[PDB]
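Student:
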Amino acid sequence: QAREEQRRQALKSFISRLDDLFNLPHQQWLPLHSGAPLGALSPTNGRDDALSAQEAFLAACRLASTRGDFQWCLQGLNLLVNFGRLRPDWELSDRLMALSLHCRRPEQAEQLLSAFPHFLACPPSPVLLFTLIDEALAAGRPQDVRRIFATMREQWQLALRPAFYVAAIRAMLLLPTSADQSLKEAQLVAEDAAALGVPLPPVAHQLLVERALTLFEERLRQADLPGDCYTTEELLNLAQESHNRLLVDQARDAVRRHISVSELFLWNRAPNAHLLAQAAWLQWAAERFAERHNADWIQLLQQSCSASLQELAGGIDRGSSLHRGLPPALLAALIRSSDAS
Amino acid sequence: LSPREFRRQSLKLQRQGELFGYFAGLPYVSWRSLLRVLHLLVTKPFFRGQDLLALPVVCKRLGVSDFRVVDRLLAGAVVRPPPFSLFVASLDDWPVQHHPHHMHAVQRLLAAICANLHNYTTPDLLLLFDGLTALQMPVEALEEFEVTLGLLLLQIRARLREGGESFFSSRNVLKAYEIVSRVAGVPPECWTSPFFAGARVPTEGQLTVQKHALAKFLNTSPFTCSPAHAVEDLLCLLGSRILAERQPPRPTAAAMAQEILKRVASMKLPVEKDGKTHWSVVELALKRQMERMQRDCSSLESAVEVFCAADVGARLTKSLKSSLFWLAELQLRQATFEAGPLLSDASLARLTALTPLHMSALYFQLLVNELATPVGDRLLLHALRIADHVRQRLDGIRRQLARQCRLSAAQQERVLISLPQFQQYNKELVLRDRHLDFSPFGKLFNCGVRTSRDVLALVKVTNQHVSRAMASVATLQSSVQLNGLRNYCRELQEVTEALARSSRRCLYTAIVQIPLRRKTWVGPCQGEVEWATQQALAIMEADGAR
RNA sequence: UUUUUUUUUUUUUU
RNA sequence: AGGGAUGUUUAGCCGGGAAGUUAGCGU
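The listed protein sequences derive, respectively, from chains BD and BB. Per PDB author numbering, the first sequence runs over residues 1 to 40, 87 to 274, 304 to 335, 360 to 395, 431 to 475. Per PDB author numbering, the second sequence runs over residues 1 to 81, 134 to 187, 209 to 236, 246 to 283, 299 to 319, 333 to 353, 407 to 442, 605 to 624, 655 to 681, 750 to 778, 837 to 854, 923 to 995, 1001 to 1036, 1090 to 1153.
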């Protein structure tokens, strides 16, 4: 009964008792502030010697760890507001957000983000907002992370972050929809990340999008489907476009992160070979006809044949992307073309 | 040194170049003290000693935050008759208030320089240009930064071709080249924009200042730089390699950077008022045996080079003879960070790719990523490490905090009885750091913990690692679909998901069971500084006006 | 002296 | 390593208003 009796009794009394206090005149109410400053016996005396209204309410909120007590805490909050004894601050917004979470009430948490700026000064902590995104993913509901992202983005108060853009992308590709439908929605968020201040996503962003891009329809259209497309132009065009976006982004990222027959691999210093994997893809054609349609990679793939890059005797990359290759795009691709041939 | 005599000789201390040294000293810094310091902070902000470097840091911790005060300080160093690299790096974590345009600290330098771009000499040009070298905001306030950087080049080009005696020396050419070279290589897209293309004699509010410079430059030149202006910059340097005093200039600089509006105070804590004053195959075995000799010697920064050198030589030698005719070192990792770590930096990254509690989390994310590309790396190290981490989490800080910071039973039956008893024993309900023993926290596989802040600090580090790892596992689950795969997915999903969600829970507890408000005895406060700030400002325009 | 402010002002020492 | 770090209670006089109070002869 240590977790049931001693827990409910302590919280019930604290709020009940507090209510009665307010009934007395203002002369018997708790001070707003902790204490007087130095301006108003050693300097350590005073300052922090009295219990504030705010401090008492937040102290009793540490007892909740169930859904039943979550409602109870709200009761106390209202009292302060109605009596004009609440001072919004950074701390206030932080604990409130977290209190819902600790009570196993994710539903209520989301509501806060759309109702904080109406009655509060400071926004919640960035950490908290990010953590709630993973909550939905663990339960298996990737469709509930689209509305939360938009509200944050639209809001001006909250500072824009590059990291925040990663979560969104990752969650959309896991939706339980068709291959073409899932990718189409993901591209919309990507696009949005290039207009408003031309944000630069991390280096490990373009890789993910590109992985599935040239695998879900491109690869599929030349393996079993053309047995003896409707957006073939867009798929190919977007493939290369993605790559381009990465180049521009990565170059500008290094300047602010840490204030840094024909070939061009003779006097090019020692760059990272990790990126050459995606750029080494051979362009077959726009259409099925690979011989009569299009007339415009070995030398590119000669840098790493045995799956051994110039890592041990080359340069060092900071916060690089996945080192691994394309199992579902390289291993099963070349073999088929050869073995079957 | 009591505050009484500190204010008397304040003037003299400034001259000596040692002002801030005694400020971060004895207690008792009241409004009286604060005001005095602030008085001189806006009258003649000129520093020569080490105070320049230590100015930004004091301000951060002080509380002073104004668009005017901040701006005036920076402009002092801008004007010209320790390294500069250090100063600019300090311009971080310093928000600016009372400004609807520029809110950060990095936008100050981009404005001052630009404004006075027309009052510079060639020797000093290189000085400012040296900011790209290593020893800003993540994404925001970045368009302004590169736009102003290109303006420097324009001036340089124009100024250099004026017809060289100082920078044309044998040693100056090399120095200049170092900086120039860093720019060239990846021309940002921002140069190829309509803003620079406007050579023919609504704009954003952030580029208000920048736009002004262009107009002036173009008019005094008799031109634009739309494309990646190169070659010419390098060709000129190739020929030399292949073959009242300072008082007047300040106020104009602030006036140009000044916005149309007077003061846009979006947020105001104190009450609204106004203050005033009255004054052939033999070599294969010769080098392959040198791979196990370093294991005993290395059981660090120099030892890693031995393994890399031997690994590449073992593979290359056999490669030639391959197409011509026709390791369990990870076990040692369980006794360096799982049984008491000591001085383990981020270097473990390189010692994982085939070569406190936070340290174990690092390895968890790396091992799972490599395996995503059955008994020797799943049930021996991957599953064994999770058992140790979970054991130290449920009964670690989670439970500890629930026994020390939570309300005790004593208080329940002492205070929480009747209403009248609440008005006398309310003092005992308070919780402080002093009242909390940190000893239990020091045995969590480590005194390294002094304050409450340290406890919280060691929470976000571990949750970050696991949070990232969960995404990798989820991606693989939805990728392998398009019966041996069932065993590698059913067991991996149920085990990985237990640690991702459970770890997050800890954060919630750790954030709520902490002291409320409270601060270290330093000096003034944000409330006091705000009133002082305005008084310090209005005071200046009383004395000098008569 | 304590809640309320669409009736105010003041704060420096060579 | 940025999912970091930093931030936390400002002081006195006078005039008017509401609730409680409505005990004082010590000047």
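Virtual Cβ for every residue (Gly too), placed ideally from N, Cα, C.
How would you call residue 342(BB), buried or exposed, if buried means at least 16 neighbouring beta carbons within 10 angstroms?
Tutor: Along the second sequence, one-based indexing puts residue 342(BB) at 232. Answer is exposed; the Cβ neighbour count stays below 16.
Student: Thinking just about the alpha-carbon of each residue, which of 1030(BB), 78(BB) and 616(BB) is nearest to the one in residue 219(BD)?
Tutor: Working through the first sequence from its first residue, we reach residue 219(BD) at position 173. Ranking 1030(BB), 78(BB) and 616(BB) by Cα distance to residue 219(BD) puts 1030(BB) first.
Student: Of all Cβ atoms in chain BB, is any one closer than 8 Å to the Cβ of residue 215(BD)?
Tutor: In the first sequence, residue 215(BD) corresponds to position 169, counting from 1. No, no contact with chain BB.
Student: Since residue 6(BD) meets chain BB, which of its residues come closer than 8 Å, beta carbon to beta carbon?
Tutor: As a first step, residue 6(BD) must be located in the first sequence, where it is residue number 6. Correct list: 958 and 961.
Student: Could you give the C-beta distance for residue 212(BD) and residue 248(BD), rounded to a whole number, given that I count them as a contact under 8 Å?
Tutor: If you number the first sequence from 1, residue 212(BD) lands on position 166. If you number the first sequence from 1, residue 248(BD) lands on position 202. With 8 Å as the limit, residue 212(BD) and residue 248(BD) qualify as a contact, their Cβ atoms being about 7 Å apart.
Student: For residue 29(BB), which of 9(BB), 62(BB), 56(BB) and 48(BB) has the nearest alpha-carbon?
Tutor: Against the second sequence, residue 29(BB) aligns to sequence position 29. Considering only alpha carbons, the answer is 62(BB).
Student: Tell me which residue opens and which closes the alpha helix (DSSP H) that residue 337(BB) is part of.
Tutor: If you number the second sequence from 1, residue 337(BB) lands on position 227. Element bounds for residue 337(BB): n/a, residue is neither H nor E.
Student: Relative to the C-alpha of residue 461(BD), which residue among 434(BD), 362(BD) and 258(BD) is closest?
Tutor: For the purposes of this step, residue 461(BD) is identified with residue 327 of the first sequence, where counting begins at 1. Nearest option by C-alpha distance: 258(BD).
Student: Could you check what DSSP says for residue 229(BD) in three-state terms: helix, strand or coil?
Tutor: For the purposes of this step, residue 229(BD) is taken as the residue at position 183 of the first sequence. If DSSP states are grouped into helix, strand and coil, residue 229(BD) belongs with the helices.
Student: Relative to the alpha-carbon of residue 413(BB), which residue among 76(BB), 23(BB), 434(BB) and 1(BB) has its alpha-carbon at the smallest distance?
Tutor: Translated into positions along the second sequence, residue 413(BB) becomes position 250. The candidate whose alpha carbon is nearest that of residue 413(BB) is 76(BB).
Student: Applying the 10 Å Cβ sphere with the 16-neighbour rule, what's the burial state of residue 423(BB)?
Tutor: As a position in the second sequence, residue 423(BB) is number 260, starting the count at 1. Counting Cβ neighbours within 10 Å, residue 423(BB) comes out exposed, since fewer than 16 surround it.
Student: Between residue 188(BD) and the ligand NAP, is there a pair consisting of the residue's CB and a ligand heavy atom that are separated by less than 7 Å?
Tutor: As presented, the structure is devoid of all ligands, the ligand NAP included, so that no description of it is given.
Student: Count the other CB atoms, across all protein chains shown, that sit within 10 Å of the CB of residue 168(BB); report buried if there are 16 or more and exposed otherwise.
Tutor: For this step, residue 168(BB) is matched to residue 116 along the second sequence. Burial call: buried.
Student: Over the uninterrupted alpha helix (DSSP H) stretch that includes residue 246(BB), give me the two end residues.
Tutor: Within the second sequence, the letter at position 164 stands for residue 246(BB). Per DSSP, residue 246(BB) belongs to no alpha helix (DSSP H) and is neither H nor E.
Student: Have a look at the DSSP bridge pairing and note the partners of residue 967(BB).
Tutor: Position 418 of the second sequence, counted from the first residue, corresponds to residue 967(BB). In the DSSP output, where bridge partners are listed per residue, residue 967(BB) has 965(BB).
Student: Reducing DSSP to helix, strand and coil, say where residue 136(BB) ends up.
Tutor: Here residue 136(BB) refers to the residue found at position 84 when the second sequence is read from its first residue. In this structure, residue 136(BB) counts as helix in the three-state DSSP scheme.
Student: Could you name the residues of chain BB that residue 119(BD) contacts, counting a contact when the two beta carbons are closer than 7 Å?
Tutor: Within the first sequence, numbered from 1, the residue matching residue 119(BD) stands at position 73. Those do not exist, as residue 119(BD) stays about 11 Å from chain BB at its closest Cβ, beyond 7 Å.
Student: Please state whether DSSP places residue 474(BD) in a helix, a strand or coil.
Tutor: Numbered from its first residue, the first sequence carries residue 474(BD) at position 340. Correct three-state label for residue 474(BD): coil.
Student: Does the separation of the CB atoms of residue 205(BD) and residue 219(BB) fall below 8 Å?
Tutor: Translated into the one-based positions of the first sequence, residue 205(BD) becomes position 159. Translated into the one-based positions of the second sequence, residue 219(BB) becomes position 146. No, they are not a contact pair.
Student: Given that residue 242(BD) touches chain BB, what residues does it touch there, using C-beta distances under 8 Å?
Tutor: As a working mapping, residue 242(BD) is identified with position 196 in the first sequence. The contacting residues do not exist; residue 242(BD) stays about 10 Å from chain BB at best.
Student: CB-CB under 7 Å to residue 767(BB), same chain, minus the five flanking residues each way: which ones, in chain order?
Tutor: By one-based count along the second sequence, residue 767(BB) stands at place 344. The answer, listed in chain order, is 760 and 840.
Student: Going by C-alpha to C-alpha distance, which of 306(BB), 178(BB) and 221(BB) sits closest to residue 259(BB)?
Tutor: To locate residue 259(BB), count along the second sequence from 1; it is residue 177. Considering only alpha carbons, the answer is 178(BB).
Student: Between residue 90(BD) and chain BB, is there a C-beta pair that is closer than 8 Å?
Tutor: On the first sequence, position 44 is the one that residue 90(BD) refers to. So yes, residue 90(BD) belongs to the interface.
Student: Would DSSP call residue 992(BB) helix, strand or coil?
Tutor: Along the second sequence, one-based indexing puts residue 992(BB) at 443. It is helical.
Student: So with Cβ pairs under 8 Å, would you call residue 170(BD) a contact of chain BB?
Tutor: The residue labelled residue 170(BD) in the question sits at position 124 within the first sequence. Not an interface residue.
Student: Between residue 669(BB) and the rest of its own chain, which residues show a CB-CB distance below 6 Å, the 5 nearest in sequence each way excluded?
Tutor: Translated into positions along the second sequence, residue 669(BB) becomes position 314. Correct list, in chain order: 613.
Student: Please classify residue 308(BB): does DSSP put it in a helix, a strand, or coil?
Tutor: By 1-based counting over the second sequence, the position of residue 308(BB) is 211. In this structure, residue 308(BB) counts as helix in the three-state DSSP scheme.
Student: Residues in the segment 94-106 of chain BD with C-beta within 9 Å of chain BB's C-beta atoms, listed in sequence order?
Tutor: Here the close residues are 94, 95, 96, 97, 98, 100, 101, 102, 104, 105 and 106.
Student: Rounded C-beta distance between residue 109(BD) and residue 10(BD)? I'm assuming under 8 Å.
Tutor: The count along the first sequence starts at 1 and reaches residue 109(BD) at position 63. The count along the first sequence starts at 1 and reaches residue 10(BD) at position 10. Going by Cβ atoms, the distance from residue 109(BD) to residue 10(BD) rounds to 6 Å, so yes, they are a contact pair.
Student: If we define contact as Cβ-Cβ less than 8 Å, is residue 268(BB) a contact residue for chain BD?
Tutor: Taking the first residue of the second sequence as 1, we reach residue 268(BB) at position 186. Yes, contact with chain BD.
Student: Is the beta carbon of residue 167(BD) sitting closer than 8 Å to the one on residue 134(BD)?
Tutor: Taking the first sequence and counting its residues from 1, one reaches residue 167(BD) at position 121. Taking the first sequence and counting its residues from 1, one reaches residue 134(BD) at position 88. Their beta carbons are under 8 Å apart, which means residue 167(BD) touches residue 134(BD) by this criterion.
Student: Please work out which residues of its chain come closer than 6 Å, Cβ to Cβ, to residue 163(BB), disregarding the five sequence neighbours upstream and downstream, and give them in chain order.
Tutor: Counting from one through the second sequence, the residue named residue 163(BB) turns up at place 111. Hits under 6 Å: 306 and 420.
Student: With H, G and I counted as helix, E and B as strand and the rest as coil, what does DSSP make of residue 195(BD)?
Tutor: The count along the first sequence starts at 1 and reaches residue 195(BD) at position 149. Residue 195(BD) falls in the helix class under three-state DSSP.
Student: Closer than 8 Å, CB to CB, is residue 971(BB) near chain BD or not?
Tutor: In the second sequence, counting from the first residue as 1, residue 971(BB) sits at position 422. For residue 971(BB), the answer is yes, since a Cβ of chain BD falls inside 8 Å of its Cβ.
Student: Would you check if the distance between the CB atom of residue 1115(BB) and the CB atom of residue 148(BD) is smaller than 8 Å?
Tutor: Looking up residue 1115(BB) in the second sequence gives position 508. Looking up residue 148(BD) in the first sequence gives position 102. The answer is yes: Cβ separation under 8 Å.
Student: Can you tell me which of the three DSSP states residue 945(BB) falls into?
Tutor: Residue 945(BB) sits at position 396 when you count from the first residue of the second sequence. DSSP places residue 945(BB) in coil when its eight states are reduced to three.
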